[PDB]
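What follows is a single structure, written as structure tokens, with notes after it.
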Amino acid sequence: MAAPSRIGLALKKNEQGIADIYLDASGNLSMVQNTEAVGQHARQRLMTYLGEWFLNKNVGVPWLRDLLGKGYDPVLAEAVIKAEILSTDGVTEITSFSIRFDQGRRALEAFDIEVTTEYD
Amino acid sequence: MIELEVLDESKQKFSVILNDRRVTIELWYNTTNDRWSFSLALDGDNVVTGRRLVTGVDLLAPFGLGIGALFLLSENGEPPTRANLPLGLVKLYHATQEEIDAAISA
Amino acid sequence: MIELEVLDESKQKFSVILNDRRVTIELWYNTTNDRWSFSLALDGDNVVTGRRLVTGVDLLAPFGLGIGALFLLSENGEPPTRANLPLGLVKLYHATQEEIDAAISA
Amino acid sequence: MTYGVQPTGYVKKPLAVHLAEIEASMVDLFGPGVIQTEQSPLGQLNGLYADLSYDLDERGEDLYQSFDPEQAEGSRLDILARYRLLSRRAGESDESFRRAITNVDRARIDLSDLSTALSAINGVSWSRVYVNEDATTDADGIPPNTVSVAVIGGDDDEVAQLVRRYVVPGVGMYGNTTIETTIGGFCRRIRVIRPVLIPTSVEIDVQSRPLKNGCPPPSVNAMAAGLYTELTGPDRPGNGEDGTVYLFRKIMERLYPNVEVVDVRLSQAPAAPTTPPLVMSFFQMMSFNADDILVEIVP
Amino acid sequence: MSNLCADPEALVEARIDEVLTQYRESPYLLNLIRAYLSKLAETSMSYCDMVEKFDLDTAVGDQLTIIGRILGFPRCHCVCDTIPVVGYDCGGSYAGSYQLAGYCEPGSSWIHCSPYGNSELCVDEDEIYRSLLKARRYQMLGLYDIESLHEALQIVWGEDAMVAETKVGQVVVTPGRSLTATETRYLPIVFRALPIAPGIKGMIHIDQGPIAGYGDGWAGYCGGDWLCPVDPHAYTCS
Amino acid sequence: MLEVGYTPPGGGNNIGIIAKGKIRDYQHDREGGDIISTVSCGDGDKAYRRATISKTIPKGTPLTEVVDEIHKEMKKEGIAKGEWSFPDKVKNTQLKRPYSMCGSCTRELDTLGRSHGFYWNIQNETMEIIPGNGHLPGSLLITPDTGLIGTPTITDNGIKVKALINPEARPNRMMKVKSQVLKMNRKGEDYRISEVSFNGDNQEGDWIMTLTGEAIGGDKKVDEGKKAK
């Protein structure tokens, strides 16, 4: 039972840093494939706020309920990020994870996150 | 007409009621040539055996079984492969003689 | 005659024996025009579909279905609304033909 | 805006026009360098949404034809007729019921309300409406300023209660059957015609005229059965209609154009067929039997 | 009712509001969605012209034909009349057996037209078929009285029309104005649409001018004329 | 009337009639000190006893006017008319010889069924008729996202599915059943409804219903099963 093939509209960050649909050099819409598709879908999942979608209030990440506020906690942040990445279809495991916090900027930074998809 | 599901299994066997007959259809993949073959039993007797599944034609026309037509379709005539037939990129359909007649009359 | 209860649901369905026929009524709210609509099926057959609920008229008159009159009423003749129909400020009634005749003769 | 509701009807925007508009929108969005070929990711999307737009056009045409009796069908055909408060007959087809709503000629749009309400009565097999609106009696025997009704079947109470409300006070009725009616105590005597059926025996001599030696005329029974059907249909001969050679020829050639009617012969049964015309009075009608009709091919 | 629909740009943006935050500023994705949805919204707007295109006071063309077939008064009728035929009279004049048309006549018909081949004069002008339908509304309801026949005639012909006499079985009407040729040719169809009780014969004034006599509402020496009812031959050649 | 359903703190009302009762027999009971009132009711039970008809019926008469005739007497006893769908062989049959009726309506109703192979039944004071191989319009979904408990249990012909009582489930209708097991059981989705079972409680025993359905074939016909003469 090999991993099924996936495809979705590709998103590339424009000069403002905002991810948008892209047409490749040939001029036709760029579609990402098996592993890039999963990575980008995982990103689009992480970028959603819980209750934002009007047809399904159960989708999204509870950023504003759990992390954004007066409560810096690496354990809960790691749990939330890992849960949302793992629930993405096509993702098998996370092999590494680091989290740190910049008080000066009040920035919660998760980095060195290695993801293994079903395509190996 | 009715669409017949194909499982993602090299060999499989289901039963369907067509024109008030119990029909047992058994599909098996031939890897040496990369194709699907089907056997058909009417009321326990294998009347058809070892026939290739091909697109765009009535697979039962030669036999006069009285159970209508079985045929494969696809978006652009792509042949039914191991991966294509379970995924539904190529589909298996049954239609009755009555429906075939009415469609021709259309 | 009888009063037919309306739930506070934008789409609801129920069944009632009107003149000893099983009549299934489906109400659904149309937000774009802010109005309730009913489909009516007589014993599993859909006979009326997509009619608007309007006060002060017999809703089934055009069809000659033989199941009496189905009409809506309100104290000051308001039109039925998403809020006002479930609250009972507008009431759905079924009147039998004999009762209608008796009132007309009285 | 040549599309949509136009003085000639609902004009449909072609699918190709839809797809061209979508492509023109996408060229402005992505530039002249975009690829939209029918097999590309963007071309496929344009195809799907062009199909959806054309399907919306289809719904628009449906909604426009739902108000047109010539296309309306079923319960909405009944709702359209409810404008004149007409009603359908049991087992009546859409063709039949649309002819009533449209009043296809009718030869006199007046008194069509009475003609159709009459036909809507239960039991009325055949009905016909006549008028003599001059200051003189017509050759048919109707006095001046009179309305005559011929009906087969239906109870007299219902027929008369219906005719009374269509025929105004001050206008008489001509007929052979009298029905006494009462509304509010005032009694008007409604006279209608219940045509007396005279059994007619019919013998036809025909010739065969094959159109370019092709399909030959059908068998004698296949012609007598058809002629009986034609004479028993809703277009059956009316009251006061004498049986003539013309009347039967106009039916025989029409049904079977490859046949020349040479000699019609008619009689009042059981008397022997003879030379037409067979005179029927205004109260008499010809009634035919599936056996009495005979057709013979002559060399 | 009121405005059934709104501008497509309003509906499309109402839906764009429901996009996610991560896409709120994706001009290519948002504009793609706008391109795909604005076309559907625009296609559906075209329906909001199936609302007053059937208004009896302003309908034209097929919308007026549909109303006519609802009311049971078709656009064309069998008559005893040599309908003018579109064609050439060999220039100056040719003997022939037809009459010819010159780009402005209600009797628009060719040799090969089916209604013409069986004597069906067909009403082409909307301003006359509309009046005929408005009058047919009265036959519909059976409003045979004078108080209604007068409004039937006002709509068909004009403010000067009137109903003159009620003999035994015979009722006279007058437009109250000289008729144009189009109206004269369509006259036999007007008497099939007017609300006159069956069994009673409709007449017409000869000069189509207001009738004279005594009382409050008529015309005197100047403008009036002596009555003369004549048969319009609405249903017969005779 | 026995009205069952769900009344969640939000939502609304799901309560409908699952059995309309003419009391059969009641009896109180002490368990400790309690008093449990064990009711049994009647289904068309006035028609199963007091409905007797009176019929001379002549030749030539079609084969349904007298289902109306028998329903006249069954209606004297307060029975409503449901959906009647006869076999096609039945709809078109006429008569050579006259049609005795003296005695008991239900008795020769049964001989009706055994004689043209059709079903008739009374469902809450409403009488329906279907063919043996057919069913009536009206479909109902049963999935692990729509009230499915365990298996869509597979059987020779169709299935037997448990679910939460939720009132629509009537005999002689269609149920579309989905799960993660039926796919590898290759069993279809649409089934007629033949048996209905309601067991429930207000405190502990949740509302449970069990539906037995005989599978519809590709021909839109029910898998009847071999009727043994």
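Convention: chains lettered A, B, ... in structure tokens order; per-chain residue numbering from 1; ligands numbered from 1 as shown.
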Considering only C-alpha atoms, extract the chain C residues located within 9 Å of chain D and return them as number ranges by chain.
C: 47-48, 62-63
Write the residues you've just listed into a file as an mmCIF file, in the first residue's frame, and include C-alpha atoms for each of them.
data_model
loop_
_atom_site.group_PDB
_atom_site.id
_atom_site.type_symbol
_atom_site.label_atom_id
_atom_site.label_comp_id
_atom_site.auth_asym_id
_atom_site.auth_seq_id
_atom_site.Cartn_x
_atom_site.Cartn_y
_atom_site.Cartn_z
ATOM 1 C CA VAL C 47 -46.795 16.336 -4.959
ATOM 2 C CA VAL C 48 -46.066 19.957 -3.928
ATOM 3 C CA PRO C 62 -54.556 24.758 -6.726
ATOM 4 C CA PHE C 63 -53.743 21.059 -6.537
#
Would you write out, as a tab-separated table, a table of all residues in chain A that have an atom no more than 12 Å from an atom of chain B, listing for each the closest atom pair and the distance in Å to one decimal, considering only C-alpha atoms and ordering rows by chain and rising residue number?
residue	atom	partner	partner_atom	distance
A:1	CA	B:8	CA	8.8
A:2	CA	B:83	CA	10.4
A:3	CA	B:83	CA	11.8
A:4	CA	B:87	CA	9.7
A:5	CA	B:87	CA	10.8
Hey, can you check how far CA of residue 187 in chain E sits from CA of residue 233 in chain E?
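Going from CA of residue 187 in chain E over to CA of residue 233 in chain E covers 9.4 Å.
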DSSP on the backbone: what in range 37-104 of chain C comes out alpha helix (DSSP H), as an MDAnalysis selection string?
chainID C and resid 97:104
Emit the selected residues as a JSON list (two decimals), in the first residue's frame, including N, CA and C atoms.
[["chain", "number", "residue", "atom", "x", "y", "z"],
["C", 97, "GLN", "N", -62.52, 19.65, 4.94],
["C", 97, "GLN", "CA", -63.48, 20.22, 3.99],
["C", 97, "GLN", "C", -64.87, 20.32, 4.60],
["C", 98, "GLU", "N", -65.28, 19.32, 5.37],
["C", 98, "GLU", "CA", -66.58, 19.39, 6.03],
["C", 98, "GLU", "C", -66.64, 20.57, 6.99],
["C", 99, "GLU", "N", -65.58, 20.80, 7.76],
["C", 99, "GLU", "CA", -65.58, 21.93, 8.68],
["C", 99, "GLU", "C", -65.66, 23.25, 7.91],
["C", 100, "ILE", "N", -64.92, 23.34, 6.81],
["C", 100, "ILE", "CA", -64.98, 24.54, 5.98],
["C", 100, "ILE", "C", -66.39, 24.75, 5.47],
["C", 101, "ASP", "N", -67.03, 23.69, 4.99],
["C", 101, "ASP", "CA", -68.40, 23.79, 4.50],
["C", 101, "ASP", "C", -69.34, 24.25, 5.60],
["C", 102, "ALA", "N", -69.20, 23.70, 6.81],
["C", 102, "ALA", "CA", -70.08, 24.06, 7.91],
["C", 102, "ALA", "C", -69.92, 25.53, 8.28],
["C", 103, "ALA", "N", -68.68, 26.01, 8.33],
["C", 103, "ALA", "CA", -68.47, 27.43, 8.61],
["C", 103, "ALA", "C", -69.06, 28.31, 7.51],
["C", 104, "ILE", "N", -68.87, 27.93, 6.25],
["C", 104, "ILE", "CA", -69.41, 28.72, 5.15],
["C", 104, "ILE", "C", -70.93, 28.74, 5.19]]
I need the contact residues of chain B against chain F, so if you could list those with any atom within 8 Å, counting only C-alpha atoms, and return them as a list in words, that would help.
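Within 8 Å of chain F on chain B, we get residues 2, 14, 16, 17, 18, 19 and 20 of chain B.
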Saved selection, atoms kept: C-alpha atoms, as a JSON list (two decimals), in the first residue's frame:
[["chain", "number", "residue", "atom", "x", "y", "z"],
["B", 2, "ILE", "CA", -24.94, 1.52, -11.86],
["B", 14, "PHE", "CA", -18.33, -9.49, -5.56],
["B", 16, "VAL", "CA", -24.54, -7.99, -7.92],
["B", 17, "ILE", "CA", -28.17, -8.32, -8.96],
["B", 18, "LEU", "CA", -28.58, -7.47, -12.66],
["B", 19, "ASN", "CA", -31.85, -7.91, -14.56],
["B", 20, "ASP", "CA", -33.13, -10.01, -11.63]]
Find the spatial neighbours of residue 129 in chain D, counting only C-alpha atoms, within a cut-off of 9 Å - ignore same-chain residues fewer than 3 positions away - and output them as a VMD selection string.
chain D and resid 111 to 112 114 to 115 147 to 151
Selection export as a JSON list (two decimals), in the first residue's frame, atoms kept: C-alpha atoms:
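Below is the file that was written, again.json:
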[["chain", "number", "residue", "atom", "x", "y", "z"],
["D", 111, "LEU", "CA", -68.17, 31.58, -25.47],
["D", 112, "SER", "CA", -64.94, 29.59, -25.16],
["D", 114, "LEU", "CA", -68.64, 28.21, -21.62],
["D", 115, "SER", "CA", -67.28, 25.64, -24.06],
["D", 147, "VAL", "CA", -77.38, 30.51, -27.34],
["D", 148, "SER", "CA", -77.66, 26.78, -28.03],
["D", 149, "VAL", "CA", -75.80, 23.99, -26.23],
["D", 150, "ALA", "CA", -75.36, 20.37, -27.27],
["D", 151, "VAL", "CA", -74.12, 18.01, -24.56]]
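Distance-wise, CA of residue 209 in chain D and CA of residue 260 in chain D end up 6.7 Å apart.
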Could you list, as a short mmCIF file (atom, residue, chain, number, x, y, z; two decimals) with C-alpha atoms, in the first residue's frame, every residue within 8 Å of range 49-55 of chain A, counting only C-alpha atoms and ignoring same-chain residues fewer than 6 positions away?
data_model
loop_
_atom_site.label_atom_id
_atom_site.label_comp_id
_atom_site.auth_asym_id
_atom_site.auth_seq_id
_atom_site.Cartn_x
_atom_site.Cartn_y
_atom_site.Cartn_z
CA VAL A 61 -5.34 26.17 15.85
CA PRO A 62 -6.34 27.63 19.25
CA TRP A 63 -3.65 30.30 19.20
CA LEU A 64 -5.76 32.94 20.93
CA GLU E 18 -15.56 34.84 4.65
CA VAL E 19 -12.02 34.11 3.41
CA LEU E 20 -9.41 33.17 6.01
#
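Using only C-alpha atoms, we find that the part of chain C lying within 12 Å of chain E comprises residues 32, 33 and 34 of chain C.
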Restricting the output to N, CA, C and O atoms, write the selected residues as a compact mmCIF listing (two decimals), in the first residue's frame.
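Done, and the output landed in part_1.txt:
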# COMPACT_ATOMS: atom_id res chain seq x y z
N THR C 32 -32.70 34.50 1.67
CA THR C 32 -32.55 35.58 0.72
C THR C 32 -33.83 36.40 0.61
O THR C 32 -33.79 37.63 0.54
N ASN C 33 -34.98 35.73 0.61
CA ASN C 33 -36.28 36.39 0.66
C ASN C 33 -36.91 36.38 2.04
O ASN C 33 -37.99 36.95 2.22
N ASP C 34 -36.28 35.74 3.02
CA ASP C 34 -36.75 35.76 4.41
C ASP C 34 -38.16 35.19 4.52
O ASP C 34 -39.04 35.79 5.12
Exercise: residue 58 in chain E partners within 10 Å, only C-alpha atoms, chain neighbours under 5 positions left out, as a PyMOL selection string:
chain E and resi 52-53+63-64+126-127+130
Taking the chain letters and numbering used in this document, name the residues of range 201-297 of chain D that DSSP puts in strand (DSSP E or B), as a ChimeraX atom specification.
/D:201-208,243,259-268,274,278,284-287,294-297
Contacts of residue 46 in chain B at 10 Å (only C-alpha atoms; same-chain gap of 4+ positions) as a list in words
residues 23, 24, 25, 39, 40, 41 and 42 of chain B
